[PDB]
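Student: Encoded as structure tokens, here's the structure I'll be asking about.
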Amino acid sequence: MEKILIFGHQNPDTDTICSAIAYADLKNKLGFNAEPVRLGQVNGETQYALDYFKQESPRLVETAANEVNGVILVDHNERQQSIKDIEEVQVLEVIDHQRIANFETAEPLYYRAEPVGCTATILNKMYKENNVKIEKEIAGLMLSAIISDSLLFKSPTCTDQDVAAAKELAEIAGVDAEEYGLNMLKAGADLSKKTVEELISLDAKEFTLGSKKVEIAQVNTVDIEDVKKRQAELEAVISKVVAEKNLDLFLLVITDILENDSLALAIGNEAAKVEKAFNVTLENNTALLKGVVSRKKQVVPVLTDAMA
Amino acid sequence: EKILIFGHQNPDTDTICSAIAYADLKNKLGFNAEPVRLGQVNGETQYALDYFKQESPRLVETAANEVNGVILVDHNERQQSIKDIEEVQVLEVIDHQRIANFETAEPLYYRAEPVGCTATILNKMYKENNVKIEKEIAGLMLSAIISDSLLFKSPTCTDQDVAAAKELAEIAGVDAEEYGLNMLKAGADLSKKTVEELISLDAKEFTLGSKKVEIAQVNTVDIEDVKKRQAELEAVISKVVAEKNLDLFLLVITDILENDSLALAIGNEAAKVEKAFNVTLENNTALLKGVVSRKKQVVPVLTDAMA
Ligand SMILES: [Fe+3]
Ligand SMILES: [Fe+3]
Ligand SMILES: [Fe+3]
Ligand SMILES: [Fe+3]
Ligand SMILES: [Mg+2]
Ligand SMILES: [Mg+2]
Ligand SMILES: [Mg+2]
Ligand SMILES: [Mg+2]
């Protein structure tokens, strides 16, 4: 049976790790040959989930073409967020919930994206469509993904489908989703032993907005001041990235997960576009984004319109 | 509120009927959809529409003047779509082509399956939503599958397509083989067609790496009838190659009885057809044994050859 690799985006989050694991499980339970893998380091939030449900981290890879011919993408599509040698392999399927850009195939494929709050919400449907029992631990990881992406059902990307899936997955996993999820989210918001290099990369994604090359990085925190007091050090590593990668904009989005508000730190030639996007005045490279917590819903589309 | 649902430029039976079907499903679910088309209805589609007593969808050139959001069926690439696609939101795509030249600013419902017909996906979606398919609509959907599968003979045809057609022909009340052979024959009637119509009725533009390509297909029961018209075909094809700055125009003339096609290749990259299919062009043509499907047997090998 031909082996495939299943993985999500660089700088993996809980949905990208757990959805890779769950989809590989669903493929293997159906008699196929899948290995879930990851493209970077496991963050504290994901590690809490993996540890709680006694699951291993997926194997770390840098490339796929040395290993297999065919891959499945979960939780992303854009080339520049994917494995570095993505053009050397065939993308067989994509299960996702981001916007689509920078994605092309030579041949028809199974592309399944729904505008829902979490990729694992789609995978939940797929288990059922295929009449495969979701094991307790798998359900736990899928629930983790949903709580992560929805910030415990508070993010505006969260839909009724995500809430229903989480309800099913929590009963199967044997946990209280509120209690568990609060602890899980807090594990990811622990910024104590985090360097600024880590802060600006742990949840970084690159985009091309029109002709403009952009990186948007997000940080979950229980206290914006703890991050903001590192501003000079953050500006230094972000500046290095802006130069190195020839970005028109690096936007760091520092999210208060308790208040659902974010502080923007914008660096690069196109910083003033953030002002247009959000109707704010940047003062010393920062501004308050009231209510903004979702990159896919509240940052990418308005920043696209502003940049163009 | 209002949305428009349509398929590609140079509409085929799947593009017309799937737009009709999905609008019906949306409206039965209480939404507000109208199926539209981006060009002339071909003789095969017209057979289907006439047989199941259904009108042709309204022809449109633009969408942004009418609605804010659209749904694409049976295509995704920008240059295959409505003139002003950049001005509207793509809310959903239901499709079975390769993906290229397609970007959205926000998440969407993107649903592609590598099956033989878009209508096979829609059949599934009616069931998922517990909505009955009306007899006429089932016939249009059946027509789409027969059209795209060349009566289940094309290598794009899967067990799912066959199962959908079986259910649909039963709902519609027709013998699928009998009706299908007649429908297909109506599309292969090249008796009143100009050469301009031959190279355009089932034409699609692609970007193959850095190369600008147009691939047109025609159904025939007699390749010699079309090959008789080579000089005239080369005249109109060359015009297009110049006007659109194409690296290649590939005309695929398909014997639907024998499942073989004749290629007519014009353009600076004509020799890449020779690499793609391991054939030699003699007077711009070569027999492509077994080749009937653009999405599966043409676009991928031609992409490889050209890069
Ligand atoms: Fe993610
Ligand atoms: Fe996600
Ligand atoms: Fe079509
Ligand atoms: Fe089609
Ligand atoms: Mg996430
Ligand atoms: Mg995220
Ligand atoms: Mg077709
Ligand atoms: Mg076709």
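Just so we're on the same page: first chain in the structure tokens is A, next is B, and so on; residues restart at 1 for each chain, and ligands are numbered from 1 in the order they show up.
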Please give me, as a PyMOL selection string, the residues lying within 10 Å of ligand 4 when counting only C-alpha atoms and all ligand atoms.

Tutor: chain B and resi 7-8+11-18+73-75+95-97+115-120+144-145+147-149+295

Student: Would you name the residues within 8 Å of ligand 1, counting only C-alpha atoms and all ligand atoms, and put them as a list in words?

Tutor: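 If we count only C-alpha atoms and all ligand atoms, the neighbours of ligand 1 turn out to be residues 8, 9, 12, 13, 14, 15, 16, 75, 76 and 149 of chain A.
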
Student: Selection from above, N, CA, C and O atoms, as a compact mmCIF listing (two decimals), in the first residue's frame, can you write it?

Tutor:
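Generated file (selection.txt):
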```txt
# COMPACT_ATOMS: atom_id res chain seq x y z
N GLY A 8 0.43 19.62 8.39
CA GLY A 8 -0.05 20.97 8.27
C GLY A 8 1.07 21.98 8.08
O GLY A 8 2.13 21.64 7.56
N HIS A 9 0.82 23.24 8.48
CA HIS A 9 1.69 24.32 8.07
C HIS A 9 3.01 24.33 8.87
O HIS A 9 3.14 23.68 9.94
N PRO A 12 3.91 24.76 13.44
CA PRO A 12 2.65 24.03 13.63
C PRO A 12 1.89 24.46 14.86
O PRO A 12 2.49 24.69 15.92
N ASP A 13 0.57 24.60 14.71
CA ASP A 13 -0.28 24.76 15.87
C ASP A 13 -1.00 23.45 16.23
O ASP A 13 -0.81 22.41 15.59
N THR A 14 -1.83 23.52 17.26
CA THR A 14 -2.56 22.34 17.73
C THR A 14 -3.43 21.71 16.66
O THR A 14 -3.46 20.50 16.53
N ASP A 15 -4.13 22.51 15.87
CA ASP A 15 -4.94 21.95 14.76
C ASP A 15 -4.08 21.26 13.69
O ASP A 15 -4.41 20.16 13.25
N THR A 16 -3.00 21.90 13.27
CA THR A 16 -2.08 21.29 12.32
C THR A 16 -1.42 19.98 12.79
O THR A 16 -1.21 19.06 11.99
N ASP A 75 -5.10 21.83 7.11
CA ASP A 75 -4.98 23.10 7.83
C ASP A 75 -4.10 24.17 7.10
O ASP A 75 -3.76 25.22 7.68
N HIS A 76 -3.80 23.93 5.81
CA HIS A 76 -3.18 24.94 4.96
C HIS A 76 -3.23 24.51 3.54
O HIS A 76 -3.52 23.32 3.24
N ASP A 149 -8.25 26.56 18.09
CA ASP A 149 -8.60 27.42 16.97
C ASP A 149 -9.72 28.35 17.33
O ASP A 149 -9.77 29.47 16.85
```

Student: Excluding residue A:144 and its own-chain neighbours fewer than 6 positions away, which residues fall within 12 Å of it when counting only C-alpha atoms? Please give them as a PDB file with N, CA, C and O atoms, in the first residue's frame.

Tutor:
```pdb
ATOM      1  N   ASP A  13       0.570  24.595  14.710  1.00  0.00           N
ATOM      2  CA  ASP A  13      -0.283  24.760  15.869  1.00  0.00           C
ATOM      3  C   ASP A  13      -0.997  23.449  16.233  1.00  0.00           C
ATOM      4  O   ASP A  13      -0.808  22.410  15.588  1.00  0.00           O
ATOM      5  N   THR A  14      -1.826  23.516  17.265  1.00  0.00           N
ATOM      6  CA  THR A  14      -2.558  22.340  17.727  1.00  0.00           C
ATOM      7  C   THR A  14      -3.434  21.710  16.657  1.00  0.00           C
ATOM      8  O   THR A  14      -3.459  20.500  16.530  1.00  0.00           O
ATOM      9  N   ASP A  15      -4.134  22.513  15.873  1.00  0.00           N
ATOM     10  CA  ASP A  15      -4.935  21.955  14.762  1.00  0.00           C
ATOM     11  C   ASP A  15      -4.084  21.263  13.687  1.00  0.00           C
ATOM     12  O   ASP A  15      -4.406  20.165  13.249  1.00  0.00           O
ATOM     13  N   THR A  16      -3.001  21.897  13.272  1.00  0.00           N
ATOM     14  CA  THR A  16      -2.077  21.291  12.319  1.00  0.00           C
ATOM     15  C   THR A  16      -1.418  19.977  12.792  1.00  0.00           C
ATOM     16  O   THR A  16      -1.211  19.057  11.990  1.00  0.00           O
ATOM     17  N   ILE A  17      -1.122  19.857  14.087  1.00  0.00           N
ATOM     18  CA  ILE A  17      -0.540  18.617  14.605  1.00  0.00           C
ATOM     19  C   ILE A  17      -1.618  17.570  14.774  1.00  0.00           C
ATOM     20  O   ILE A  17      -1.460  16.452  14.311  1.00  0.00           O
ATOM     21  N   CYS A  18      -2.734  17.946  15.410  1.00  0.00           N
ATOM     22  CA  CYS A  18      -3.740  16.972  15.799  1.00  0.00           C
ATOM     23  C   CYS A  18      -4.576  16.523  14.624  1.00  0.00           C
ATOM     24  O   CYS A  18      -4.971  15.347  14.556  1.00  0.00           O
ATOM     25  N   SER A  19      -4.877  17.438  13.712  1.00  0.00           N
ATOM     26  CA  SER A  19      -5.541  17.064  12.479  1.00  0.00           C
ATOM     27  C   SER A  19      -4.679  16.177  11.581  1.00  0.00           C
ATOM     28  O   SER A  19      -5.226  15.332  10.856  1.00  0.00           O
ATOM     29  N   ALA A  22      -5.084  12.766  13.362  1.00  0.00           N
ATOM     30  CA  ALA A  22      -6.416  12.200  13.203  1.00  0.00           C
ATOM     31  C   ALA A  22      -6.645  11.720  11.762  1.00  0.00           C
ATOM     32  O   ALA A  22      -7.165  10.586  11.540  1.00  0.00           O
ATOM     33  N   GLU A  45       1.175  24.526  23.998  1.00  0.00           N
ATOM     34  CA  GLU A  45      -0.270  24.258  23.974  1.00  0.00           C
ATOM     35  C   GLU A  45      -0.528  22.865  23.381  1.00  0.00           C
ATOM     36  O   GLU A  45      -1.330  22.094  23.940  1.00  0.00           O
ATOM     37  N   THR A  46       0.186  22.548  22.289  1.00  0.00           N
ATOM     38  CA  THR A  46       0.032  21.268  21.660  1.00  0.00           C
ATOM     39  C   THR A  46       0.602  20.157  22.547  1.00  0.00           C
ATOM     40  O   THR A  46       0.014  19.083  22.641  1.00  0.00           O
ATOM     41  N   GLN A  47       1.720  20.446  23.211  1.00  0.00           N
ATOM     42  CA  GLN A  47       2.394  19.497  24.080  1.00  0.00           C
ATOM     43  C   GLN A  47       1.480  19.137  25.269  1.00  0.00           C
ATOM     44  O   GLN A  47       1.393  17.991  25.670  1.00  0.00           O
ATOM     45  N   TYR A  48       0.778  20.126  25.815  1.00  0.00           N
ATOM     46  CA  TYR A  48      -0.217  19.848  26.840  1.00  0.00           C
ATOM     47  C   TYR A  48      -1.232  18.798  26.364  1.00  0.00           C
ATOM     48  O   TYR A  48      -1.526  17.858  27.109  1.00  0.00           O
ATOM     49  N   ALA A  49      -1.744  18.962  25.135  1.00  0.00           N
ATOM     50  CA  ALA A  49      -2.753  18.046  24.539  1.00  0.00           C
ATOM     51  C   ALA A  49      -2.239  16.616  24.305  1.00  0.00           C
ATOM     52  O   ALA A  49      -2.927  15.614  24.629  1.00  0.00           O
ATOM     53  N   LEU A  50      -1.032  16.556  23.724  1.00  0.00           N
ATOM     54  CA  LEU A  50      -0.349  15.315  23.432  1.00  0.00           C
ATOM     55  C   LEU A  50      -0.056  14.598  24.732  1.00  0.00           C
ATOM     56  O   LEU A  50      -0.286  13.392  24.823  1.00  0.00           O
ATOM     57  N   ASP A  51       0.445  15.334  25.734  1.00  0.00           N
ATOM     58  CA  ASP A  51       0.732  14.741  27.024  1.00  0.00           C
ATOM     59  C   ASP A  51      -0.534  14.264  27.733  1.00  0.00           C
ATOM     60  O   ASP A  51      -0.525  13.190  28.328  1.00  0.00           O
ATOM     61  N   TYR A  52      -1.604  15.054  27.689  1.00  0.00           N
ATOM     62  CA  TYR A  52      -2.842  14.705  28.385  1.00  0.00           C
ATOM     63  C   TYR A  52      -3.435  13.394  27.808  1.00  0.00           C
ATOM     64  O   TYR A  52      -3.888  12.510  28.553  1.00  0.00           O
ATOM     65  N   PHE A  53      -3.384  13.263  26.487  1.00  0.00           N
ATOM     66  CA  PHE A  53      -3.994  12.130  25.823  1.00  0.00           C
ATOM     67  C   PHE A  53      -2.980  11.038  25.497  1.00  0.00           C
ATOM     68  O   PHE A  53      -3.286  10.095  24.757  1.00  0.00           O
ATOM     69  N   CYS A 118     -12.371  25.140  12.738  1.00  0.00           N
ATOM     70  CA  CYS A 118     -11.256  24.254  12.945  1.00  0.00           C
ATOM     71  C   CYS A 118     -11.229  23.149  11.898  1.00  0.00           C
ATOM     72  O   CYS A 118     -12.301  22.649  11.528  1.00  0.00           O
ATOM     73  N   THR A 119     -10.031  22.731  11.438  1.00  0.00           N
ATOM     74  CA  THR A 119      -9.939  21.649  10.457  1.00  0.00           C
ATOM     75  C   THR A 119     -10.508  20.346  11.057  1.00  0.00           C
ATOM     76  O   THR A 119     -11.163  19.562  10.361  1.00  0.00           O
ATOM     77  N   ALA A 120     -10.255  20.101  12.339  1.00  0.00           N
ATOM     78  CA  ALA A 120     -10.696  18.848  12.955  1.00  0.00           C
ATOM     79  C   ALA A 120     -12.237  18.746  12.970  1.00  0.00           C
ATOM     80  O   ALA A 120     -12.780  17.663  13.051  1.00  0.00           O
ATOM     81  N   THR A 121     -12.933  19.860  12.808  1.00  0.00           N
ATOM     82  CA  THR A 121     -14.407  19.799  12.667  1.00  0.00           C
ATOM     83  C   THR A 121     -14.818  19.105  11.363  1.00  0.00           C
ATOM     84  O   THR A 121     -15.837  18.403  11.313  1.00  0.00           O
ATOM     85  N   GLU A 137      -8.573   8.902  22.676  1.00  0.00           N
ATOM     86  CA  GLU A 137      -7.408   9.779  22.618  1.00  0.00           C
ATOM     87  C   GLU A 137      -7.408  10.606  21.375  1.00  0.00           C
ATOM     88  O   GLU A 137      -7.043  11.775  21.420  1.00  0.00           O
ATOM     89  N   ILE A 138      -7.812  10.001  20.261  1.00  0.00           N
ATOM     90  CA  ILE A 138      -7.933  10.759  19.027  1.00  0.00           C
ATOM     91  C   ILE A 138      -8.953  11.895  19.184  1.00  0.00           C
ATOM     92  O   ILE A 138      -8.681  13.058  18.807  1.00  0.00           O
ATOM     93  N   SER A 150     -10.633  27.891  18.176  1.00  0.00           N
ATOM     94  CA  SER A 150     -11.759  28.745  18.545  1.00  0.00           C
ATOM     95  C   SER A 150     -11.536  29.574  19.777  1.00  0.00           C
ATOM     96  O   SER A 150     -12.419  30.331  20.140  1.00  0.00           O
ATOM     97  N   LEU A 151     -10.361  29.434  20.410  1.00  0.00           N
ATOM     98  CA  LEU A 151     -10.085  30.062  21.714  1.00  0.00           C
ATOM     99  C   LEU A 151     -11.250  29.772  22.673  1.00  0.00           C
ATOM    100  O   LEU A 151     -11.886  30.708  23.169  1.00  0.00           O
ATOM    101  N   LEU A 152     -11.531  28.486  22.899  1.00  0.00           N
ATOM    102  CA  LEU A 152     -12.682  28.056  23.728  1.00  0.00           C
ATOM    103  C   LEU A 152     -14.005  28.678  23.269  1.00  0.00           C
ATOM    104  O   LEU A 152     -14.753  29.253  24.082  1.00  0.00           O
ATOM    105  N   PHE A 153     -14.266  28.583  21.966  1.00  0.00           N
ATOM    106  CA  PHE A 153     -15.529  28.984  21.346  1.00  0.00           C
ATOM    107  C   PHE A 153     -15.760  30.499  21.431  1.00  0.00           C
ATOM    108  O   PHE A 153     -16.886  30.944  21.421  1.00  0.00           O
ATOM    109  N   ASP A 162     -18.709  23.763  14.845  1.00  0.00           N
ATOM    110  CA  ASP A 162     -17.523  23.531  15.675  1.00  0.00           C
ATOM    111  C   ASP A 162     -17.939  23.196  17.109  1.00  0.00           C
ATOM    112  O   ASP A 162     -17.353  22.322  17.747  1.00  0.00           O
ATOM    113  N   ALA A 165     -19.306  19.605  17.187  1.00  0.00           N
ATOM    114  CA  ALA A 165     -18.204  18.665  17.081  1.00  0.00           C
ATOM    115  C   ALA A 165     -17.474  18.568  18.418  1.00  0.00           C
ATOM    116  O   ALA A 165     -17.229  17.462  18.915  1.00  0.00           O
ATOM    117  N   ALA A 166     -17.160  19.715  19.026  1.00  0.00           N
ATOM    118  CA  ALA A 166     -16.462  19.726  20.321  1.00  0.00           C
ATOM    119  C   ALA A 166     -17.287  18.973  21.398  1.00  0.00           C
ATOM    120  O   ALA A 166     -16.737  18.194  22.181  1.00  0.00           O
ATOM    121  N   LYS A 167     -18.603  19.184  21.399  1.00  0.00           N
ATOM    122  CA  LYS A 167     -19.498  18.484  22.321  1.00  0.00           C
ATOM    123  C   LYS A 167     -19.427  16.949  22.158  1.00  0.00           C
ATOM    124  O   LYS A 167     -19.315  16.206  23.155  1.00  0.00           O
ATOM    125  N   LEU A 169     -16.892  15.323  20.708  1.00  0.00           N
ATOM    126  CA  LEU A 169     -15.516  14.871  20.916  1.00  0.00           C
ATOM    127  C   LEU A 169     -15.119  14.832  22.379  1.00  0.00           C
ATOM    128  O   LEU A 169     -14.419  13.925  22.792  1.00  0.00           O
ATOM    129  N   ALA A 170     -15.639  15.773  23.158  1.00  0.00           N
ATOM    130  CA  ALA A 170     -15.464  15.800  24.610  1.00  0.00           C
ATOM    131  C   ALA A 170     -16.112  14.629  25.319  1.00  0.00           C
ATOM    132  O   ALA A 170     -15.520  14.082  26.250  1.00  0.00           O
ATOM    133  N   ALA A 173     -13.899  11.705  24.455  1.00  0.00           N
ATOM    134  CA  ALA A 173     -12.598  11.804  25.139  1.00  0.00           C
ATOM    135  C   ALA A 173     -12.716  11.683  26.648  1.00  0.00           C
ATOM    136  O   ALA A 173     -11.717  11.400  27.314  1.00  0.00           O
ATOM    137  N   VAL A 175     -13.623  14.141  28.805  1.00  0.00           N
ATOM    138  CA  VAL A 175     -13.244  15.328  29.537  1.00  0.00           C
ATOM    139  C   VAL A 175     -14.320  16.396  29.492  1.00  0.00           C
ATOM    140  O   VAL A 175     -15.233  16.359  28.653  1.00  0.00           O
ATOM    141  N   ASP A 176     -14.209  17.328  30.430  1.00  0.00           N
ATOM    142  CA  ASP A 176     -15.005  18.530  30.421  1.00  0.00           C
ATOM    143  C   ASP A 176     -14.281  19.547  29.552  1.00  0.00           C
ATOM    144  O   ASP A 176     -13.179  19.972  29.890  1.00  0.00           O
ATOM    145  N   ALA A 177     -14.888  19.940  28.436  1.00  0.00           N
ATOM    146  CA  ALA A 177     -14.204  20.803  27.476  1.00  0.00           C
ATOM    147  C   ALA A 177     -13.790  22.188  28.015  1.00  0.00           C
ATOM    148  O   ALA A 177     -12.769  22.730  27.628  1.00  0.00           O
ATOM    149  N   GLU A 178     -14.568  22.730  28.946  1.00  0.00           N
ATOM    150  CA  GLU A 178     -14.273  24.012  29.555  1.00  0.00           C
ATOM    151  C   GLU A 178     -13.052  23.932  30.433  1.00  0.00           C
ATOM    152  O   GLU A 178     -12.149  24.749  30.321  1.00  0.00           O
ATOM    153  N   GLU A 179     -13.042  22.932  31.300  1.00  0.00           N
ATOM    154  CA  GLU A 179     -11.993  22.758  32.282  1.00  0.00           C
ATOM    155  C   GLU A 179     -10.702  22.417  31.591  1.00  0.00           C
ATOM    156  O   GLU A 179      -9.689  23.082  31.813  1.00  0.00           O
ATOM    157  N   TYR A 180     -10.763  21.380  30.749  1.00  0.00           N
ATOM    158  CA  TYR A 180      -9.611  20.917  30.007  1.00  0.00           C
ATOM    159  C   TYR A 180      -9.072  22.057  29.156  1.00  0.00           C
ATOM    160  O   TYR A 180      -7.883  22.359  29.203  1.00  0.00           O
ATOM    161  N   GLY A 181      -9.958  22.700  28.400  1.00  0.00           N
ATOM    162  CA  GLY A 181      -9.535  23.699  27.425  1.00  0.00           C
ATOM    163  C   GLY A 181      -8.912  24.967  27.985  1.00  0.00           C
ATOM    164  O   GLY A 181      -7.992  25.538  27.390  1.00  0.00           O
ATOM    165  N   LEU A 182      -9.419  25.401  29.125  1.00  0.00           N
ATOM    166  CA  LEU A 182      -8.808  26.495  29.889  1.00  0.00           C
ATOM    167  C   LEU A 182      -7.367  26.175  30.268  1.00  0.00           C
ATOM    168  O   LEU A 182      -6.473  26.988  30.038  1.00  0.00           O
ATOM    169  N   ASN A 183      -7.147  24.989  30.833  1.00  0.00           N
ATOM    170  CA  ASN A 183      -5.800  24.538  31.159  1.00  0.00           C
ATOM    171  C   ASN A 183      -4.896  24.420  29.919  1.00  0.00           C
ATOM    172  O   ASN A 183      -3.720  24.815  29.969  1.00  0.00           O
ATOM    173  N   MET A 184      -5.456  23.926  28.815  1.00  0.00           N
ATOM    174  CA  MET A 184      -4.695  23.744  27.594  1.00  0.00           C
ATOM    175  C   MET A 184      -4.283  25.093  27.012  1.00  0.00           C
ATOM    176  O   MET A 184      -3.117  25.280  26.646  1.00  0.00           O
ATOM    177  N   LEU A 185      -5.231  26.028  26.934  1.00  0.00           N
ATOM    178  CA  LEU A 185      -4.943  27.356  26.389  1.00  0.00           C
ATOM    179  C   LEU A 185      -3.902  28.116  27.211  1.00  0.00           C
ATOM    180  O   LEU A 185      -3.053  28.809  26.654  1.00  0.00           O
ATOM    181  N   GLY A 188      -0.336  27.224  26.506  1.00  0.00           N
ATOM    182  CA  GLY A 188       0.159  27.946  25.316  1.00  0.00           C
ATOM    183  C   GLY A 188       0.425  29.440  25.493  1.00  0.00           C
ATOM    184  O   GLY A 188       1.058  30.074  24.631  1.00  0.00           O
TER     185      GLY A 188
END
```

Student: Within 7 Å of chain B, which residues belong to chain A? Use only C-alpha atoms and report them as a ChimeraX atom specification.

Tutor: /A:97-101,103-115,296-297,301,304

Student: Determine which residues of stretch 182-307 of chain A receive a DSSP assignment of helix (DSSP H, G or I), computed from the backbone, and state them as a PyMOL selection string.

Tutor: chain A and resi 182-188+196-199+224-228+231-244+272-278+295-307

Student: Taking the DSSP assignment computed from this structure's backbone, write out as an MDAnalysis selection string all residues of stretch 54-261 of chain B that belong to strand (DSSP E or B).

Tutor: chainID B and resid 58:59 69:73 89:95 109:112 203:208 211:220 248:255 260:261

Student: Give the answer as one residue: which of A:21, A:146, A:26, A:199 has the shortest atom-to-atom distance to ligand 6, using only C-alpha atoms and all ligand atoms?

Tutor: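 Of A:21, A:146, A:26, A:199, the one nearest ligand 6, counting only C-alpha atoms and all ligand atoms, is A:146.
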
Student: From the set A:202, A:196, A:291, A:54, which residue has the shortest atom-to-atom contact distance to residue A:39, counting only C-alpha atoms?

Tutor: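 For residue A:39, the nearest of the candidates is A:202.
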
Student: Which residue is closest to ligand 5? Choose from A:96, A:206, A:215, A:171 and count only C-alpha atoms and all ligand atoms.

Tutor: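 Residue with the minimum atom-to-atom distance to ligand 5: A:96.
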
Student: What separation in Å, quoted to one decimal, exists between atom CA of residue A:136 and atom CA of residue A:168?

Tutor: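 Rounded to one decimal, the two atoms are 11.1 Å apart.
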
Student: Using only C-alpha atoms for the distances, tell me which of B:258, B:225, B:189, B:196 is nearest to residue B:42.

Tutor: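 Smallest distance to residue B:42 is found for B:189.
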
Student: Could you check how far atom CA of residue B:259 sits from atom CA of residue B:291, in Å to one decimal?

Tutor: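 Between atom CA of residue B:259 and atom CA of residue B:291 the gap works out to 6.7 Å.
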
Student: Take atom CA of residue A:72 and atom CA of residue A:6 and report the distance between them in Å, one decimal.

Tutor: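 Separation of atom CA of residue A:72 and atom CA of residue A:6: 4.7 Å.
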
Student: Hey, what's within 7 Å of residue A:201 if we count only C-alpha atoms and toss same-chain stuff fewer than 3 positions away? As a ChimeraX atom specification, please?

Tutor: /A:11,197-198,204,217

Student: Could you write out the selected residues, including N, CA and C atoms, as a PDB file, in the first residue's frame?

Tutor:
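Final output, saved to again_9.pdb:
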```
ATOM      1  N   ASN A  11       5.597  26.120  11.413  1.00  0.00           N
ATOM      2  CA  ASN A  11       5.226  26.676  12.714  1.00  0.00           C
ATOM      3  C   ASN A  11       3.911  26.082  13.176  1.00  0.00           C
ATOM      4  N   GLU A 197      12.786  35.569  19.304  1.00  0.00           N
ATOM      5  CA  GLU A 197      12.840  34.699  18.119  1.00  0.00           C
ATOM      6  C   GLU A 197      11.678  33.706  18.124  1.00  0.00           C
ATOM      7  N   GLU A 198      11.425  33.093  19.279  1.00  0.00           N
ATOM      8  CA  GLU A 198      10.312  32.173  19.430  1.00  0.00           C
ATOM      9  C   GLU A 198       8.982  32.895  19.324  1.00  0.00           C
ATOM     10  N   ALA A 204       3.862  32.101  13.194  1.00  0.00           N
ATOM     11  CA  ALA A 204       4.069  32.975  12.045  1.00  0.00           C
ATOM     12  C   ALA A 204       3.557  32.323  10.756  1.00  0.00           C
ATOM     13  N   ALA A 217       2.503  37.209  12.279  1.00  0.00           N
ATOM     14  CA  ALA A 217       2.769  36.301  13.398  1.00  0.00           C
ATOM     15  C   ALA A 217       1.828  36.646  14.520  1.00  0.00           C
TER      16      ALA A 217
END
```

Student: I'd like the contact shell of residue A:87 - 10 Å cut-off, only C-alpha atoms, skipping same-chain residues fewer than 2 positions apart - returned as a list in words.

Tutor: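 With the cut-off at 10 Å, the set is residues 64, 65, 79, 82, 83, 84, 85, 89, 90, 91, 104 and 105 of chain A.
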
Student: Take the residues from that selection and write them out as a short mmCIF file (atom, residue, chain, number, x, y, z; two decimals), in the first residue's frame, keeping C-alpha atoms.

Tutor:
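The resulting file, again-v5.cif, is shown below:
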```cif
data_model
loop_
_atom_site.label_atom_id
_atom_site.label_comp_id
_atom_site.auth_asym_id
_atom_site.auth_seq_id
_atom_site.Cartn_x
_atom_site.Cartn_y
_atom_site.Cartn_z
CA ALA A 64 8.94 14.89 1.59
CA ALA A 65 10.28 13.90 -1.83
CA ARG A 79 3.01 26.82 -1.02
CA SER A 82 3.95 24.20 3.39
CA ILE A 83 6.94 21.81 3.25
CA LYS A 84 9.96 23.36 1.50
CA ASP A 85 10.01 20.82 -1.35
CA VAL A 89 5.57 15.84 -4.56
CA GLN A 90 1.99 15.40 -5.61
CA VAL A 91 -0.66 16.93 -3.34
CA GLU A 104 -1.84 24.73 -7.91
CA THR A 105 -2.08 21.07 -8.95
#
```

Student: What's the 9 Å shell around stretch 160-168 of chain B, counting only C-alpha atoms, without same-chain residues fewer than 3 positions away, as a VMD selection string?

Tutor: chain B and resid 115 to 117 119 to 121 123 to 124 133 135 137 to 139 141 to 143 145 to 146 149 152 157 171 to 174 176

Student: With only C-alpha atoms as the counted atoms, please give the residues lying no more than 9 Å from residue A:58, apart from itself and same-chain residues fewer than 4 positions off, as a PyMOL selection string.

Tutor: chain A and resi 17+20-21+35-38

Student: Next, dump the selected residues to file, keeping only C-alpha atoms, as a PDB file, in the first residue's frame.

Tutor:
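Output file selection.pdb is given in full below:
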```
ATOM      1  CA  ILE A  17      -0.540  18.617  14.605  1.00  0.00           C
ATOM      2  CA  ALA A  20      -2.474  15.442  10.847  1.00  0.00           C
ATOM      3  CA  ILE A  21      -2.616  12.706  13.486  1.00  0.00           C
ATOM      4  CA  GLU A  35       2.145   8.777   8.617  1.00  0.00           C
ATOM      5  CA  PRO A  36       1.350  12.113  10.251  1.00  0.00           C
ATOM      6  CA  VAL A  37       4.420  14.370  10.362  1.00  0.00           C
ATOM      7  CA  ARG A  38       5.228  17.917  11.393  1.00  0.00           C
TER       8      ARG A  38
END
```
